[PDB]
Amino acid sequence: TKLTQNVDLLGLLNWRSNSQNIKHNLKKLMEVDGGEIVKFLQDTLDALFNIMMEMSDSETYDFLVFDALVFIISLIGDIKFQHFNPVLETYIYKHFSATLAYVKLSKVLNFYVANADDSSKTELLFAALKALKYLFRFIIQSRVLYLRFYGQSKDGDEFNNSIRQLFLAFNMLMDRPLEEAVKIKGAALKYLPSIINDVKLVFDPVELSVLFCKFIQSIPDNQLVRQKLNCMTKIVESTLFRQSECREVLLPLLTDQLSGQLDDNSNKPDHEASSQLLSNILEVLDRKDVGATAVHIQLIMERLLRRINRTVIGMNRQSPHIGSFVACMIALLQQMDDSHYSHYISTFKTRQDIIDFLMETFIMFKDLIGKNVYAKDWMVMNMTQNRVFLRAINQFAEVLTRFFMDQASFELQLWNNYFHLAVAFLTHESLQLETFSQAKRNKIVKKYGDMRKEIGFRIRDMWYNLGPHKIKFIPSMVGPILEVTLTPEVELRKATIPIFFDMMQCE
């Protein structure tokens, strides 16, 4: 476990006397075995730093050493080599002693990205794309080491610049024709968001946000849809916990790309990745102490609901992962508050437009409750979505009231649809269902109450409020009110039968 079989390594150990073959040894490093390396890799790192504080004037050696360490870390990525990382970070954060190397390293990266069209530099590029996370971690450590060693950076600004220009070269690669490096472009988008949680330390988070923003617009906007979605997933994942000052600026970009995903009619395959976004975004929104988001959920509401309803009427087919999108929209309006329904979801364009939107939503709810997308074993989340339907459909009852009694002296037909939903929802989850156990009864009751009670009371009181237009309704609507009157409970049945006498007197 100490004995080593290699000449390149050993000569580099006394590179101080092998000051000549440093170039040669470096040219010979690409075939040094991983086992040969791992024994004293950190020691190679220290010798490497000695080289870089001394012989930086051989920026040829900067390239060579750079690719050598990239080869080292790419080696380290393997399952055979996942295990040294504790030693790695220990050295990086206890014995790493490089101060200005990070400048040189970012510099070499910028060279490589600049010289990207060269096929000989392509693989060095792509390997660096793989190792970006460690590369940046080391550049962080070297930079902050320079910082403490010098107290502060008189020129940290030009460092931030280094970041920006390097980003710009990246941007123009994405502007460059795809056929050059389509693979490495995907690899880029994949591995860049690694660096951001380390960018946190030494940077303006808003600037990083807008950086990746510009990056995203730089995409050829008919390519790498799955790839870009996974990338932006890794973005939304991290540093969105540092919410307010990246949320607000990333978010519009996020909506742009997902709404491009919305309706192009090539949209069909990305469904999965769109679902991941939709999910992660709003669930971290519900992640409590990330910050205040009611406005933010408000925005997402505004410009994604009619969208997603259309979507899942198109995602309609039961066989696919439609249910995931269901989870999305429910959780949405679950978190999202009544106020926000009132905000603009109440406040759409010319009235008949919102009327059409509502009728679509209702016939969707009918498509949901009838033919639930669930195997009846997820009754937990099933009951929950019952709750959110309860709440949302309530709020829709109130909007239809506040805008659609005889103040709108007319336009009273849609309520047939309405009450169909009202009952069809009411038309399951009955006494025998809880009867599966007493535990089943009481679990449902304690956790949830008896939703049927207030469902009935809502239909009841809105029936009262329906006004003398009831005459337009009775003979048709008499169907459903028997289901509710037949409801196996006691109370709401007592509150429900009088409806008979009510339209009895109206007629």
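Numbering (the entry's author numbering), first residue to last: 629 to 1135.
Ideal Cβ placement from N, Cα and C applies to all residues, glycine included.
Thinking C-alpha only, which one of the options is nearest residue i?
i	options	result
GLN1023	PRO714, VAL741, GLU1111 and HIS971	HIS971
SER647	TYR689, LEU796 and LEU673	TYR689
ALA959	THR1012, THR883 and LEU773	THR1012
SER734	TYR774, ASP746 and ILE791	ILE791
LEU913	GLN871, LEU839 and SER952	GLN871
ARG1086	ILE1109, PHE1064, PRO1103 and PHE1101	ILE1109
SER866	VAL827, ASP884 and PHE843	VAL827
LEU703	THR1063, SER645 and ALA759	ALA759
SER1037	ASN1070, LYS1098, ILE991 and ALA1003	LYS1098
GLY998	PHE677, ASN713 and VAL1051	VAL1051
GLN845	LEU878, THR978 and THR989	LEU878
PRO848	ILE1072, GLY814 and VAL736	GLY814
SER952	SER907, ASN937 and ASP984	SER907
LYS896	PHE869, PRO880, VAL864 and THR939	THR939
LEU1120	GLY1084, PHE795 and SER686	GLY1084
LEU697	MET681, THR672, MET800 and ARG771	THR672
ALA816	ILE650, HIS652, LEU757 and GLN1133	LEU757
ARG915	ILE950, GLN885 and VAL864	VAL864
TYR719	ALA742, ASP685 and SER770	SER770
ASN825	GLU786, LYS761, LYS818 and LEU775	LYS761
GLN670	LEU796, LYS1071, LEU641 and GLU682	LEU641
residue 1138	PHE1129, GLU1117 and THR1113	Outside the modelled stretch of the chain, which goes from 629 to 1135, sits residue 1138, for which no answer is possible.
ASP674	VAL693, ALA920 and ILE936	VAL693
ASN738	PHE777, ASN799, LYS782 and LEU716	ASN799
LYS818	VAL853, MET1132, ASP832 and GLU786	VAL853
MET943	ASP706, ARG979, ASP898 and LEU868	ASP898
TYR740	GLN1133, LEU836, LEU794 and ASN1010	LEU794
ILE941	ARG776, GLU988 and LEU1040	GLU988
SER781	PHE831, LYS1071, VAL918 and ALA901	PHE831
If I follow the unbroken alpha helix (DSSP H) through residue i, where does it start and stop?
i	result
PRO897	That residue, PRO897, is in no alpha helix (DSSP H); it is neither H nor E in DSSP.
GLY919	Neither: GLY919 is in no alpha helix (DSSP H) and is coded neither H nor E.
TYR1092	1079-1093
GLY888	872-888
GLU786	784-803
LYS994	979-997
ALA1025	1007-1032
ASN738	729-742
residue 1136	Beyond the ends of the chain as shown, which are 629 and 1135, falls residue 1136; an answer cannot be given.
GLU1062	1059-1062
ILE950	950-963
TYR721	713-722
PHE1053	1043-1054
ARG771	747-778
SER947	Unbroken run through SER947: none, as it is neither H nor E.
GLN855	853-865
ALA816	810-819
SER837	833-845
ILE824	824-827
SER1065	Run containing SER1065: none; DSSP gives neither H nor E here.
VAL1112	1102-1113
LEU1120	1119-1124
Tell me, to the nearest whole angstrom, how far the beta carbon of residue i is from that of residue j; I am working on the premise that it is less than 8 Å.
i	j	result
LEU882	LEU910	Not really, about 11 Å apart at Cβ, beyond 8 Å.
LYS708	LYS667	Not quite, the Cβ-Cβ distance comes to about 14 Å (not below 8 Å), so this is no contact.
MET1007	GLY1095	Contact doesn't hold; Cβ gap of about 38 Å is too wide.
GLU1135	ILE1102	6 Å
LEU638	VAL660	About 11 Å separates the two Cβ atoms, so there is no contact after all.
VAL838	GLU873	No, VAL838 and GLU873 are not in contact; Cβ-Cβ is about 11 Å, not under 8 Å.
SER974	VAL1016	Incorrect: roughly 18 Å between the Cβ atoms, too far for contact.
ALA742	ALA797	6 Å
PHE993	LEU1049	5 Å
Taking only beta-carbon atoms, is residue i less than 8 Å away from chain D?
i	result
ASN678	Checking the listed chains, one finds no chain D in this structure; it contains a single protein chain.
>> As an exercise, report each continuous alpha helix (DSSP H) stretch of at least 4 residues that is fully enclosed by the stretch 633-703, in chain order.
In response: 635-641, 650-655, 662-666 and 669-682
>> Across the stretch 889-899 and the stretch 849-863, are there enough close Cβ pairs to call them in contact, namely three or more that are closer than 8 Å?
In response: yes
>> Does the structure place the stretch 921-929 close enough to the stretch 951-969 that three or more beta carbon pairs sit under 8 Å?
In response: yes
> Is it a yes or a no for the stretch 1039-1051 touching the stretch 1062-1079, going by three-plus beta-carbon pairs under 8 Å?
Replying inline: no
> Does the count of Cβ pairs from the stretch 801-820 and the stretch 737-756 closer than 8 Å reach three?
Replying inline: yes
>> Three Cβ pairs or more, each shorter than 8 Å: is that satisfied between the stretch 719-731 and the stretch 757-768?
In response: yes
> Using 8 Å as the threshold, is the stretch 1120-1133 in touch with the stretch 1062-1071, meaning 3 or more CB pairs across them?
Replying inline: no
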